Amino acid sequence: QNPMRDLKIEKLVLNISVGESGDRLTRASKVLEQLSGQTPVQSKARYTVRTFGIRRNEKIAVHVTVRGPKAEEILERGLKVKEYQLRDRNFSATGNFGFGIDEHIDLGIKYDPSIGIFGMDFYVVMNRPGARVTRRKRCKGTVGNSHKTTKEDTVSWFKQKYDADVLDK
Amino acid sequence: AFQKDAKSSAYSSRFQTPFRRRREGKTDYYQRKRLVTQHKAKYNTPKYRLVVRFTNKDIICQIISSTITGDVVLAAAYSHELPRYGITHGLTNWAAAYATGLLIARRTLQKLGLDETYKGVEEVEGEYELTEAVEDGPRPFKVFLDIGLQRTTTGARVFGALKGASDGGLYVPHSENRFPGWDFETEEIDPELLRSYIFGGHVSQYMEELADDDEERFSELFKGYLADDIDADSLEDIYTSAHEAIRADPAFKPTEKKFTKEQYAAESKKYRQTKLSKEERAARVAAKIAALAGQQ
Amino acid sequence: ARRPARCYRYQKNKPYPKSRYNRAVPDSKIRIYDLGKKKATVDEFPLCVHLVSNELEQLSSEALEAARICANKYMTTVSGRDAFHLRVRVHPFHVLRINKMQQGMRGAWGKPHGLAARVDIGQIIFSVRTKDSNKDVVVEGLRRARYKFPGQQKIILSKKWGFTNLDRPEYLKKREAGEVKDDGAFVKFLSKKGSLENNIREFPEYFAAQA
Amino acid sequence: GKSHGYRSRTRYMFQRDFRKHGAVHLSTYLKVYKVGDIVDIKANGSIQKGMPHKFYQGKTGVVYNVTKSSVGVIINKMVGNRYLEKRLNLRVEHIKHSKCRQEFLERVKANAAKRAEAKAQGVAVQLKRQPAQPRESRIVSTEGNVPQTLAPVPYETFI
RNA sequence: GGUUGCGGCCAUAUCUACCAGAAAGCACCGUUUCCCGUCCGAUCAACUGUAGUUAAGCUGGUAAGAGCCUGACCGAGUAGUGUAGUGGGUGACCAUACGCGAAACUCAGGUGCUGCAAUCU
RNA sequence: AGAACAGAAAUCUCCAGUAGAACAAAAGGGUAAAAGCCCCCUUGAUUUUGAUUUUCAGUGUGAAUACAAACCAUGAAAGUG
RNA sequence: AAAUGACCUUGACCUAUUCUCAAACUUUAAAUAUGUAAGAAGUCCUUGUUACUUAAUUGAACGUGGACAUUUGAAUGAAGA
Ligand SMILES: [Mg+2]
Ligand SMILES: [Mg+2]
Ligand SMILES: [Mg+2]
Ligand SMILES: [Mg+2]
Ligand SMILES: [Mg+2]
Ligand SMILES: [Mg+2]
Ligand SMILES: [Mg+2]
Ligand SMILES: [Mg+2]
Ligand SMILES: [Mg+2]
Ligand SMILES: [Mg+2]
Ligand SMILES: [Mg+2]
Ligand SMILES: [Mg+2]
Ligand SMILES: [Mg+2]
Ligand SMILES: [Mg+2]
Ligand SMILES: [Mg+2]
Ligand SMILES: [Mg+2]
Ligand SMILES: [Mg+2]
Ligand SMILES: [Mg+2]
Ligand SMILES: [Mg+2]
Ligand SMILES: [Mg+2]
Ligand SMILES: [Mg+2]
Ligand SMILES: [Mg+2]
Ligand SMILES: [Mg+2]
Ligand SMILES: [Mg+2]
Ligand SMILES: [Mg+2]
Ligand SMILES: [Mg+2]
Ligand SMILES: [Mg+2]
Ligand SMILES: [Mg+2]
Ligand SMILES: [Mg+2]
Ligand SMILES: [Mg+2]
Ligand SMILES: [Mg+2]
Ligand SMILES: [Mg+2]
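Residues numbered from 1 in each chain as written, not as in the entry; some residues may be left out. Chains lettered and ligands numbered in written order. Part of a larger assembly, values for the part shown. Heavy atoms only, no water. Residues with missing side-chain atoms left out of burial classes, pairs and counts.

- This deposited entry lists X-ray crystallography as its structure determination method and 3.0000 Å as its resolution.

Structural data, given as structure tokens:
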């Protein structure tokens with residue numbers, strides 16, 4: 001029975017993994033800024049690799065989480081690049097989904113060689129109303145099974161609106 | 001749940017369950033231990049707490065002390081009492097929180113005997129002050145703010161309750177830096193602004209700014225302020241008159257009941273399911289292995 | 001270079017396992033505890049015979065392997081190698097030390113010399129299951145193995161069904177009705193306890209109260 | 001060489017009681033102690049401050065002082081051929097009111113009652129405690145119960 | 001009886017899957033001018049109680065359910081152990097006499113009780 | 001279980017998670033709205049002189065515990081140091 | 001032709017079973033040993049003192065005045081302590 005429970009997008013999180021810090025990273029950062037309207041956040045490396053050429057705590061990457069109407073716009077804007085066709089994977093058992101695109105120019109965003117070209121991980125987390133039960137401070141609960149988001153339910157949700165295709169198997 | 005999750009009987013067996021009231025995400029014991037326990041050389045002297053909780057828009061003030069059998073309420077006041085004193089709207093707000101505290105302040109302070117002496121500030125210009133002991137007389141009644149799980153933030157309305165309970169003649173030791181009107185980069189209180197919140201200034205000015213900007217929203221929320229014909233300016237005198245009403249008669253009338261305890265019990269017992277007998281439980285098993293078992 | 005086993009016969013010491021506090025200890029001379037047809041089904045081998053200790057002592061890993069070979073060798077060449085299932089019931093977890101040698105009795109703590117199985121009275125050493133038709137053959141197997149061991153042990157005919165814990169009729173009652181189900185070398189039993197759901201998935205041949 | 005430090009040998013002694021770890025329940029702090037009270041000493045491993053030395057574990061003594069977080073407890077510890085007075089500062093988590101005198105206090109209050117009720121009827125008290133006495137004579141009936149005859153049983157095996 | 005706020009004991013309260021919940025209350029839920037906090041008004045702060053909903057939280061019931069708790073001449077007077085002998089046995093060890101006495105196992109029963117204040121067909 | 005380059009290992013998300021991690025160091029106790037991890041404010045690692053516990057002769061030394069008399073830190077506060 | 005291809009194969013993993021173990025493992029848990037108590041320095045009532053303590057003649061400690069005697073509070077011993 002479906003009164004209330006809908007599938008809202010909880011948040012969208014854009015991610016750019018640069019193989020190193022310095023000028024390249026702060027440029028990847030500038031992309032996420034003007035794109036998200038928000039000041040992005042950068043991530044340090046968890047340990048050292050050296051075949052990836054990275055040192056622990058090196059500021060390896062930048063990302064940003066966008067919520068609200070803003071998120072649908074950037075979602076759609078990237079879904080257009082993906083030509084409204086995803087795969088049967090991309091969909092977690094817990095009901096989220098994500099894709100990725102090379103060349104951020106494919107979504108609005110003119111070229112500017114002082115910046116260059118970056119790729120993005122797009123990741124969308126779905127949920128319903130009443131998700132606060134899990135995130136709030138007092139009386140922190142867990143959402144009931146029927147209320148939980150499932151893969152089946154989200155593929156369905158994704159098929160209907162946006163009128164896109166799941167393909168594969 | 002998922003198949004590769006499940007739980008082992010081994011996991012369940014060795015699991016130590018937290019305290020019920022922690023599992024319920026209600027009591028913080030690390031704070032409670034330090035709120036409740038008393039100097040051992042003060043013996044049976046109780047430690048009273050001023051307990052403030054916010055439901056979804058209802059405010060709760062109880063003065064509570066501890067017993068290993070269970071806690072004990074000295075006195076209680078709720079914001080939904082405020083209609084009696086002439087506040088019909090915004091019972092969840094800062095000014096409402098102040099009022100309720102004052103209500104709780106006067107109410108118990110009355111029934112202790114300290115009613116007359118120790119009246120606290122009657123003026124309420126929102127200056128920072130504690131109720132001081134009276135020379136050659138009883139020390140004031142002392143109570144410690146229990147914030148529960150609320151986050152301490154400067155301007156939170158849990159400290160609104162504190163302000164009125166302090167302004168009401170209770171002694172509630174506190175500092176000024178969580179009151180609205182506390183300056184970040186200089187340690188100073190602007191009492192003009194704090195006084196404004198006590199009387200609901202921030203709500204009235206928002207009513208004002210929506211009067212002429214957007215009248216679509218002002219109609220949606222503030223709807224009730226239209227129906228009773230109350231606009232901004234008069235809000236300061238609603239809360240001013242509320243204070244006087246409270247100070248005049250704090251005494252707590254209860255509701256009229258109507259349908260006694262027995263009566264509510266009978267009607268509710270209808271909607272409570274009942275367990276079964278081991279006989280009943282056995283009968284279901286046998287029935288089940290006649291059906292599911294016996295090849296249809 | 002192995003000390004004569006007379007030296008380690010008695011349990012004079014608290015158990016001294018291989019462990020993080022020990023670590024340097026040599027491999028056990030007996031590394032296989034199941035011989036003959038071990039894949040076999042409970043129903044195939046009803047008769048069970050035990051080699052049982054009458055002493056509280058220690059058996060070397062060397063002597064277990066030696067006796068393992070002896071019994072398994074005799075049994076197969078006489079009765080066939082798929083005729084029986086031999087199970088060594090005893091694992092040599094106790095490490096024997098030795099003080100090897102200017103210096104005297106000073107600082108005499110020894111180094112691991114070898115492994116031994118600690119063994120009680122009434123404690124079972126070998127177990128064998130077969131067809132009743134094979135009883136004499138198996139018993140002669142255990143009887144020959146005995147000569148490889150210190151101290152007294154006797155051979156006892158079981159009241160049970162092979163390696164089960166149920167006596168011969170009591171097993172039949174459970175089997176010949178509903179409650180026994182095969183598993184690779186062993187059997188699962190139907191419980192009255194638990195979920196009625198997957199209790200009937202397994203053991204479907206029950207709940208007829210019949211054959 | 002040897003190791004004799006303060007908490008040595010105390011591994012399982014200060015261990016926490018299976019599925020009992022964590023915060024100490026609040027009643028431990030709500031209890032109240034007075035000078036003269038008789039308390040039992042048992043260390044709580046979770047509370048590192050105000051801890052009894054292991055020697056006083058399982059020991060019972062009397063309160064000679066009451067302070068903010070703690071109570072002083074005197075214990076007679078015997079060293080040599082004699083007892084010396086020991087004074088212990090303990091936090092309230094390591095102390096428990098003793099029931100060791102409970103039966104006595106009960107027995108006194110009950111004794112006063114029986115003594116007054118006796119005087120008010122007349123005399124006839126007997127309020128000292130007495131040891132288990134041997135049984136009196138009795139008559140056991142064979143009706144419905146006729147003796148079953150048992151013999152010792154032969155040697156078997158069932159292994 | 002229900003519910004809430006503060007609790008005591010801290011699984012008979014936990015866990016897994018389903019289903020039911022009147023009234024009130026809790027709840028989710030709407031908003032961003034103001035105090036306040038964030039990469040994100042999601043959490044945190046404030047405002048409305050209006051615009052919406054029992055879907056989730058929450059409460060209860062179901063299950064030859066997992067765990068947990070309790071009981072029993074269930075196992076067992078068994079294992080272990082204090083005391084005794086110029087007892088047995090090459091020994092390893094073992095019987096006996098006066099006492100104390102487990103754990104596993106098995107079967108049966110159970111699945112939170114309760115304090116203070118407020119409120120409710 | 002999911003996301004361009006991205007691979008066994010880079011960064012992003014959700015779910016499960018009684019501690020299976022971390023707490024300088026040996027090990028053992030102990031700890032989950034903490035005792036662990038991130039942030040904010042700090043100097044109580046300070047002043048005075050006694051009592052007490054372990055080791056014990058009931059000497060010393062080391063280490064520690066609970067108060068008294070100060071001056072301070074922190075927090076809305078109870079407190080804590 | 002490849003496949004995020006199907007099918008055998010062996011490894012590890014998961015599930016429910018199975019034989020055997022621990023001075024420096026353990027839920028459970030003895031026997032023997034081990035702390036305290038078994039009254040006159042006891043119990044009860046009335047209500048003084050203070051600079052401690054309480055919202056408070058609240059409490060805390062020490063008292064004045066009053067009530068109950070050898071079945072006065074288990075056993076055995078006692079060339080006395
Ligand atoms: Mg609905
Ligand atoms: Mg790179
Ligand atoms: Mg199991
Ligand atoms: Mg815990
Ligand atoms: Mg806190
Ligand atoms: Mg011996
Ligand atoms: Mg030598
Ligand atoms: Mg050495
Ligand atoms: Mg032999
Ligand atoms: Mg040593
Ligand atoms: Mg310290
Ligand atoms: Mg309703
Ligand atoms: Mg909020
Ligand atoms: Mg429902
Ligand atoms: Mg709730
Ligand atoms: Mg069950
Ligand atoms: Mg025996
Ligand atoms: Mg014995
Ligand atoms: Mg002898
Ligand atoms: Mg014996
Ligand atoms: Mg350590
Ligand atoms: Mg906490
Ligand atoms: Mg220093
Ligand atoms: Mg020494
Ligand atoms: Mg001396
Ligand atoms: Mg030292
Ligand atoms: Mg053993
Ligand atoms: Mg052991
Ligand atoms: Mg004794
Ligand atoms: Mg006597
Ligand atoms: Mg005498
Ligand atoms: Mg004499």
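Quick word on the overall build of chain D
So, point 1. Counting its regular elements, chain D contains two helices and five strands.
So, point 2. Across chain D, helices and strands are ordered from the amino to the carboxyl terminus as α-β-β-β-β-β-α.
So, point 3. In summary, chain D has a C-alpha radius of gyration of 26 Å against a globular reference of 15 Å for 159 residues, an excess of more than 25%.
So, point 4. Considered along the principal axes of its C-alpha atoms, chain D spans approximately 70 × 70 × 40 Å.
So, point 5. For chain D, the residues scored as buried account for 23% of the 159 residues in total.
So, point 6. A separation of at least 24 residues holds for 53% of the contacts in chain D among residues at least 6 apart in sequence.
So, point 7. Counting every atom, chain D has about 12900 Å² of accessible surface; 53% of that belongs to carbon and sulfur. (Helix = DSSP H or I, 4+ residues; strand = E, 2+ residues; numbered from the N terminus. Rg over C-alpha atoms; globule rule 2.2 N^0.38 Å. Buried < 20%, exposed > 50% of the residue type's maximum accessible area, 1.4 Å probe, protein only. Contact = heavy atoms within 4.5 Å. Areas by Shrake-Rupley, 256 points an atom, 1.4 Å probe, with all protein chains shown as cover.)

Some points on the overall build of chain A
So, point 1. Across its full length, chain A holds four helices and five strands.
So, point 2. Taking the principal axes of its C-alpha atoms as reference, chain A extends roughly 55 × 40 × 30 Å.
So, point 3. Across the 169 residues that make up chain A, the buried fraction comes to 37%.
So, point 4. The long-range fraction of contacts in chain A, counting pairs at least 24 apart against all pairs at least 6 apart in sequence, stands at 64%.
So, point 5. Charge-centre separation for chain A: the mean point of 32 positive side chains lies 10 Å from the mean point of 21 negative side chains. (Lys, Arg positive; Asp, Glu negative; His and termini not counted. Charge placed at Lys NZ, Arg CZ, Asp CG, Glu CD.)

Here we look at the nonpolar core
Most often, soluble globular proteins have nonpolar side chains that are buried together.
So, point 1. In this structure, B:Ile104 and B:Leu170 are the most contacted members of the largest nonpolar core, which totals 44 residues.
So, point 2. In terms of residue count, the dominant contributor to this core is helix α4 (residues 94-114) of chain B (twelve residues).
So, point 3. Once you skip the residues sitting within four places of it in the chain, B:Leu170 turns out to touch B:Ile104, B:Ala105, B:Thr108, B:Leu109, B:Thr131, B:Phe141, B:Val143 and B:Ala165.
So, point 4. Within the second largest apolar cluster, 36 residues are counted, among which are A:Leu86, A:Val155, A:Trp157 and A:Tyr162. (Core = buried A, V, L, I, M, F, W, Y, C linked by side-chain atoms within 4.5 Å.)

Here's the deal with the arrangement of the chains
So, point 1. Where four pairs of chains are in contact, the pair with the most contacts is made of chains B and D.
So, point 2. Separated throughout, chain A and chain C approach each other most closely at a C-alpha pair spaced 21 Å apart.
So, point 3. Separating chain A from chain D is a minimum C-alpha gap of 20 Å, and the two share no contact.

Side note on the packing of aromatic side chains
So, point 1. Per the stated rule, a full pass over the model turns up 20 aromatic pairs over all chains.
So, point 2. Ring geometry for A:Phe97 against A:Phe158: centres 5.5 Å apart, planes inclined by 55°, an arrangement best described as tilted. Here A:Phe158 lies in helix α4 (residues 151-160) and A:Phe97 lies in strand β4 (residues 97-101), a separation of 61 residues in the sequence. Across the pair, A:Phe158 and A:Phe97 agree in class, each one buried.
So, point 3. One aromatic cluster in this structure is built from A:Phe91, A:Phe97, A:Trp157, A:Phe158 and A:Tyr162.
So, point 4. Taking NZ or CZ as reference, B:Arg34 lies 3.7 Å from the ring centre of B:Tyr30, over its face.
So, point 5. Here D:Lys77 stacks its cationic end above the ring of D:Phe55, 4.5 Å away from the centre of that ring. (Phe/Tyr/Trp six-rings, centres within 6.5 Å; stacked < 30°, edge-to-face > 60°. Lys NZ or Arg CZ within 6 Å of the ring centre and 35° of its normal.)

Considering the interface of chain D and chain B
So, point 1. Contacts between chain D and chain B engage 19 residues on the former and 18 residues on the latter.
So, point 2. Taking both partners together, chain D and chain B bury about 1600 Å²; carbon and sulfur atoms supply 68% of that area.
So, point 3. Among the residues of chain D in contact with chain B, D:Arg19, D:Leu26 and D:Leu30 are the three that bury the most area, contributing 33% of the side total.
So, point 4. Inspection of the region where chain D meets chain B yields zero salt bridges.
So, point 5. Across the contact surface, chain D and chain B share five residue pairs in polar contact.
So, point 6. A per-element tally of the side of chain D that touches chain B places helix α1 (residues 27-30) of chain D first, with three residues. (Buried area = accessible area lost by both parts, 1.4 Å probe. Salt bridge = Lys/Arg side-chain N within 4 Å of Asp/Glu carboxyl O. Polar contact = N/O pair within 3.5 Å; in protein donor to acceptor, adjacent residues only side chain to side chain.)

Quick look at the protein's contact with RNA strand G
So, point 1. Taken together, 44 residues lie around RNA strand G, and B:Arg139, C:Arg89, D:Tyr12, D:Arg107 and D:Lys128 are the ones closest in.
So, point 2. Taken together, the sugar and phosphate atoms account for 71% of what RNA strand G places within 4 Å of the protein.
So, point 3. Between RNA strand G and B:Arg139, the relevant distance is 2.5 Å, taken from a phosphate oxygen to a side-chain nitrogen or oxygen of the residue.
So, point 4. In this structure, D:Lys34 approaches RNA strand G through a side-chain N or O atom, which is 3.1 Å from a phosphate oxygen.
So, point 5. Of all the secondary-structure elements, those providing two or more residues to the surface near RNA strand G are β2 (59-66) and α2 (102-119) of chain D.
So, point 6. It is α2(D) that provides the largest number of residues to the surface near RNA strand G, a total of six residues.
So, point 7. Along the lines of polarity and charge, the residues of the surface near RNA strand G split into 18 nonpolar, eight polar and 18 charged. (Near = heavy atom within 4 Å. Nonpolar A, V, L, I, M, F, W, Y, C, P; charged D, E, K, R; others polar.)

A closer look at α4(B)
So, point 1. The element α4(B) is largely enclosed, with a buried count of 17 among its 21 residues.
So, point 2. You can read the cap of α4(B) off the contacts: a side-chain oxygen lies 2.9 Å from the backbone nitrogen of B:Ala95, and it is on B:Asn93.

What about the protein's contact with RNA strand F?
So, point 1. Neighbouring RNA strand F are 93 residues; A:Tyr47, B:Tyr11, B:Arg22, D:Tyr56 and D:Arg91 lie closest to it.
So, point 2. Counting only atoms of RNA strand F within 4 Å of the protein, the sugar-phosphate share comes to 62%.
So, point 3. Note that a sugar or linking oxygen of RNA strand F is positioned 3.2 Å from one of the backbone N or O atoms of B:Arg34.
So, point 4. Elements that contribute at least two residues to the surface near RNA strand F include exactly β1 (8-17), β3 (61-66), β4 and β5 (120-127) of chain A, α3 (29-36) and β4 (144-146) of chain B together with β3 (70-79) and β4 (82-91) of chain D.
So, point 5. A per-element tally of the surface near RNA strand F places β4(D) first, with seven residues.
So, point 6. The residue inventory of the surface near RNA strand F, partitioned by class, reads 32 nonpolar, 33 polar and 28 charged.

Re a negative patch on the surface
All names here are of chain B.
So, point 1. Side chains of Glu208, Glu209, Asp212, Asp213, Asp228, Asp229, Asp231, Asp233 and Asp237 sit close together on the surface and give a patch of like negative charge.
So, point 2. Here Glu208 lies in helix α7 (residues 201-211).
So, point 3. What makes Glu208 partly exposed here is its relative accessible area of 41%. (Patch = residues over 30% accessible without salt bridge, like charges linked within 9 Å, V, L, I, M, F, W, Y side chains within 5 Å.)

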